[PDB]
Amino acid sequence: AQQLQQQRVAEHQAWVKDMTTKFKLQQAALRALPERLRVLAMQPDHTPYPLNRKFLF
Amino acid sequence: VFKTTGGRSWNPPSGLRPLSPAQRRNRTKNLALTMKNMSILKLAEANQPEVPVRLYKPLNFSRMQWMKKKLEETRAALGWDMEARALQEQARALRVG
Amino acid sequence: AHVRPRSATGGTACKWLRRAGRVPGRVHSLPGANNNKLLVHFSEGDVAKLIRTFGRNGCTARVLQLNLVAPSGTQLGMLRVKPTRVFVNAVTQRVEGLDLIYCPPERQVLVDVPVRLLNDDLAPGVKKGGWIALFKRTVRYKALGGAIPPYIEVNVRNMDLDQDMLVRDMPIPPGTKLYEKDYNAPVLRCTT
Amino acid sequence: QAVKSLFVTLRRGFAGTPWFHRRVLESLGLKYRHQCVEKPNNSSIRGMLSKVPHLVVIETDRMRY
Amino acid sequence: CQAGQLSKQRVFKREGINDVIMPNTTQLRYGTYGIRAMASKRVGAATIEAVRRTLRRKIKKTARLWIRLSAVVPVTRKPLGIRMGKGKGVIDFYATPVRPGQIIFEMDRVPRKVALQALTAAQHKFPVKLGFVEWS
RNA sequence: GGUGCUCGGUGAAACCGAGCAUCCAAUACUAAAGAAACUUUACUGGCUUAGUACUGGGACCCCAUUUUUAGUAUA
Ligand SMILES: [Mg+2]
Ligand SMILES: [Mg+2]
């Protein structure tokens, strides 16, 4: 049961460390660049997904 | 006071009769005495000596009569050897005198 | 503003001060370290002059020069002070207190500035019908000690019915922050 | 100039006086009009005297001397 | 001028004598020219409507009338032949408590001379004294 | 070395192994709540012809000192 908690704790913690490092990079990315580049970078909408992306079979 | 109606003449038909200068002179005298009283109280508070004065008071009449009654009922309730015992130390006190 | 230090008062020194022809007050600012407030007493002529030429509920938009006078090392003293909450009476409308705040040229004091309404005669909305209401008269906001604004002149040349002047847009002097900026409340409305 | 004692004299009477002022006057030791007693100068006596300043005439021992 | 509520409730005290001299409901909050009382007097609804029409007669349609008092206090008056006792009487009329420092009629930019003119007719029909207060 | 959010571990406890916020090791504004101080005045005790006969105590709110937060910014 120690191993059973270790698998999920290690996997979820490695994944959330990856997401937080990606969040750090995307936070620090948009600062060496003028305001119009911010305006493209800070557009909070997304195109609908094309549904042709078949998952793990 | 402060009544105009009600059939009982506590005042004239006019509801009062205001203060004559004699009444105002009397109230001024009484207020001056009160002001000097509280000014003297402030001065005595500000000039009180450390370790304040205790005055000699006698026993009140109730303690006095009670303790004379108590002492007279000691005199009837003494043992047979007691006045000789008192007389021995009375002599011994004035041998050292 | 001739004043005296007023060493120890409660409510009986104040009745005797008012009979003597004086109006009490204080200055509170923490000028030196704690507040070290100074009690003072003015005259009804001085206090009537401030509440007549500057008006009650206004008058806090100026820094008057206080004069600390002895009744020399005793007859000297001049402080830069700002009015805060003059205490009027509600029956005879006489003034019973001042409660000033010391205002040196650098300060972050809160000031309640009035509204003067520049162009009432000319507006399309006022001439279609009626008049304009002033709900938020005397809008208050932060200021600096050396640059307290005596007047705020809202521009009313172009307002109509259902066209309202909000608190968010007001003439803002440099270094003079608006105290309440997150609110959107109607200072003016052309109500007919 | 230290106030060692006080001299307290009734100038008013007992009739018409409320019972709590009357009890303070009893505990000061005053029974009759124009009667002067010598009281010490401590906070107990001064509290009793400040409860009834309009009924008595207080004076310092130096003043009375 | 009537108690706009669901219950015909009853009251105990009919008085308002207390002074608010310091900054305590003493400045104008809705208008710019105000009419205030100077002594405490409980006043009835009929007087309030009569003074309101009496000063409204001297007011134009570009002048708002901010009334400050609403008659919501029931007053119980017994009939003529009823002997003293046997419970509390029926509610007869509605009244208001007036305090010495309360502004009861405050006006907008109708001219101060006309506002003073309206105050004279208001004070003629009102039981207690009235005074003039302005925004200043 | 500190508190929590819970995965479990026994003894029912509480702590242990993790892993983020500051406690330390920030400044700069804003909206909340509290703390102590205080001008004025209501309000009151005594006295009272009902307060140009007085006198003791003394708020609330605002302004100003400051603490627990939260939110928005900085390299
Ligand atoms: Mg008093
Ligand atoms: Mg008597």
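Residues numbered from 1 in each chain as written, not as in the entry; some residues may be left out. Chains lettered and ligands numbered in written order. Part of a larger assembly, values for the part shown. Heavy atoms only, no water.

Method information in the entry identifies cryo-EM as the source of the structure, with 3.0 Å recorded as the resolution.

As annotated in the PDB entry, chain D carries the name Ribosomal_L30 domain-containing protein and comes from Chlamydomonas reinhardtii. Here the PDB entry's recorded title is "Large subunit of the Chlamydomonas reinhardtii mitoribosome".

Chain C carries the name Ribosomal_TL5_C domain-containing protein in the PDB entry, which gives Chlamydomonas reinhardtii as its organism.

1. Observations regarding the nonpolar core
Residues and elements named next belong to chain E. By size, the foremost hydrophobic cluster in this structure holds 27 residues, and its most contacted members are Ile 35, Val 43, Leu 55, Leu 69, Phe 105, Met 107 and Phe 126. Every element with two or more residues in this core is listed here: β1 (33-37), α1 (45-56), β5 (91-96), β6 (103-107), α2 (112-124) and β7 (130-134). With near-sequence residues (within four places) excluded, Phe 105 lies in contact with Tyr 33, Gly 34, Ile 35, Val 51, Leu 55, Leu 65, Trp 66, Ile 67, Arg 68 and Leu 69. (Core = buried A, V, L, I, M, F, W, Y, C linked by side-chain atoms within 4.5 Å. Buried < 20%, exposed > 50% of the residue type's maximum accessible area, 1.4 Å probe, protein only. Helix = DSSP H or I, 4+ residues; strand = E, 2+ residues; numbered from the N terminus. Contact = heavy atoms within 4.5 Å.)

2. Things to note about the interface of chain B and chain D
Between chain B and chain D, the contact holds 17 residues from the first and 24 residues from the second. Interface of chain B and chain D: buried area, both sides summed, is about 1,700 Å²; carbon and sulfur atoms make up 62% of it. When the buried surface of chain B facing chain D is broken down by residue, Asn 37, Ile 40 and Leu 41 of chain B rank first, second and third, together holding 31% of it. Across the chain B-chain D interface, the total number found is 0 salt bridges. The interface formed by chain B and chain D includes 7 residue pairs in polar contact. Residue composition of the side of chain B that touches chain D, by class: 10 nonpolar, 5 polar and 2 charged. (Buried area = accessible area lost by both parts, 1.4 Å probe. Salt bridge = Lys/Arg side-chain N within 4 Å of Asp/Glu carboxyl O. Polar contact = N/O pair within 3.5 Å; in protein donor to acceptor, adjacent residues only side chain to side chain. Nonpolar A, V, L, I, M, F, W, Y, C, P; charged D, E, K, R; others polar.)

3. Here we look at the protein's contact with RNA strand F
Around RNA strand F lies a shell of 48 residues, among which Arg 31 of chain A together with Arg 18, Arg 19, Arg 26 and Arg 85 of chain C are the nearest. Put simply, 69% of the atoms of RNA strand F that lie within 4 Å of the protein are in sugar or phosphate. Measuring from a base oxygen of RNA strand F, one finds a side-chain N or O atom of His 28 of chain C at 3.0 Å. Within the side chain of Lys 142 of chain C, a nitrogen or oxygen atom sits 2.9 Å from a phosphate oxygen of RNA strand F. Those elements that provide at least two residues to the surface near RNA strand F are α1 (2-29) of chain A, α1 (21-46) of chain B together with α1 (12-19), β2 (22-27) and β11 (140-142) of chain C. It is α1 of chain C that contributes the most residues to the surface near RNA strand F, 6 residues altogether. (Near = heavy atom within 4 Å.)

4. Quick notes on the side chain of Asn 41 of chain D
In this structure, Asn 41 of chain D sits in the loop between β2 (36-40) and α2 (43-51). Only 2.8 Å separates the side chain of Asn 41 of chain D from the backbone oxygen of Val 3 of chain D, close enough to count as a polar contact. At a separation of 3.3 Å, a polar atom in the side chain of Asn 41 of chain D contacts the side chain of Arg 46 of chain D. Sequence-distant contacts of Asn 41 of chain D, defined by excluding residues within four places in its chain, comprise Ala 44, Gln 48 and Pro 52 of chain B together with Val 3, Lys 4, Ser 5, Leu 6 and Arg 46 of chain D.

5. Some remarks on helix α2 (residues 44-53) of chain C
Residues and elements named next belong to chain C. All of the buried residues in α2 are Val 47, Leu 50 and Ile 51. Down the axis of α2, the buried set is contained in an arc of 90°. They therefore lie on one face. Exposed side of α2, more than 90 degrees from the buried face: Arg 52 and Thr 53 are the residues found there. Residues of α2 that are buried in the fold lie against β2, β3 (38-43), β4 (64-68) and β7 (95-97). Near the N-terminus of α2, the side chain that reaches the backbone nitrogen of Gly 45, with its oxygen 3.2 Å away, is that of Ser 43. (Arc of directions from axis to C-beta.)

6. Quick word on the sheet that holds strand β3 (residues 56-60) of chain D
Taken in spatial order, the 3 strands line up as β2-β1-β3 (chain D) in an open sheet, and their pairing is antiparallel. Here the strands that pair on one side only, and so sit at the sheet edges, are β2 and β3 of chain D. Going from strand to strand, the sheet's axes swing by 30° on average, the running direction of each strand aside. In this structure, strand β1 (residues 5-10) of chain D lies alongside β3 of chain D, joined through 5 bridges in antiparallel fashion. Within β3 of chain D, the residue paired with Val 8 of chain D across the bridge is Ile 58 of chain D. In this fold α1 of chain B packs onto β1 and β3 of chain D, with an angle of close to 40° to the strand it touches most, β3 of chain D. (Pairing = 2+ DSSP bridges. Axes fitted to C-alpha atoms, helices over the stretch in contact; angles between N-to-C directions.)

7. A few points about the arrangement of the chains
The top pair by number of contacts, from a total of 2 pairs of chains in contact, is chains C and E. Taking C-alpha atoms as the reference, chain A and chain C come no closer than 24 Å and do not contact one another. Over all C-alpha pairs, chain A and chain D never come within contact, reaching a minimum spacing of 74 Å.

8. Some details on the sheet that holds strand β5 (residues 78-82) of chain C
Residue and element names in this part refer to chain C. What the 4 strands build is an open sheet, ordered β1-β4-β5-β8; its pairing is mixed. The sheet terminates laterally at β1 (2-3) and β8 (101-102), the two strands that pair on one side only. The sheet contact formed by β5 and β8 spans 2 bridges and is antiparallel. Bridge pairing in β8 places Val 81 opposite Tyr 102.

9. Digging into the interface of chain C and chain E
Counting residues at the interface gives 21 residues for chain C, matched by 21 residues for chain E. On inspection of chain C and its partner chain E, the count reaches 1 salt bridge. Taken together, the connections running from chain C to chain E amount to 5 residue pairs in polar contact. Classifying every residue of the side of chain C that touches chain E by side-chain character gives 8 nonpolar, 8 polar and 5 charged.

10. Some remarks on a positive patch on the surface
Residues and elements named next belong to chain E. On the surface, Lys 8, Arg 10, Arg 14, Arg 77 and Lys 88 cluster together into a positively charged patch. Tracing the backbone shows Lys 88 in the loop between β4 (73-76) and β5. Relative accessible area serves as the criterion here: at 43%, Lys 88 is assigned to the partly exposed category. (Patch = residues over 30% accessible without salt bridge, like charges linked within 9 Å, V, L, I, M, F, W, Y side chains within 5 Å. Areas by Shrake-Rupley, 256 points an atom, 1.4 Å probe, with all protein chains shown as cover. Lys, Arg positive; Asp, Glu negative; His and termini not counted. Charge placed at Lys NZ, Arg CZ, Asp CG, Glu CD.)

11. Focus on the pattern of salt bridges
If you walk through the whole model with that rule in mind, you get 13 salt bridges over all chains. Where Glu 35 of chain A meets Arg 38 of chain A, a salt bridge forms, and the shortest distance between an N and an O atom there is 3.1 Å. Of the two residues, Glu 35 of chain A and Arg 38 of chain A both sit in helix α2 (residues 35-41), 3 residues apart, roughly one turn of that helix. One salt bridge in this structure joins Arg 53 of chain E and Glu 49 of chain E, with 3.0 Å as the shortest N-O distance. Separated by 4 residues within a single helix, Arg 53 of chain E and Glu 49 of chain E lie in helix α1, roughly one turn from each other. Given the relative accessible area of 43%, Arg 53 of chain E is considered partly exposed. Under the relative-accessibility criterion, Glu 49 of chain E is labelled partly exposed at 34%. Look at the salt bridges and you will find they share partners, linking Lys 69, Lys 70 and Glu 73 of chain B into a network.

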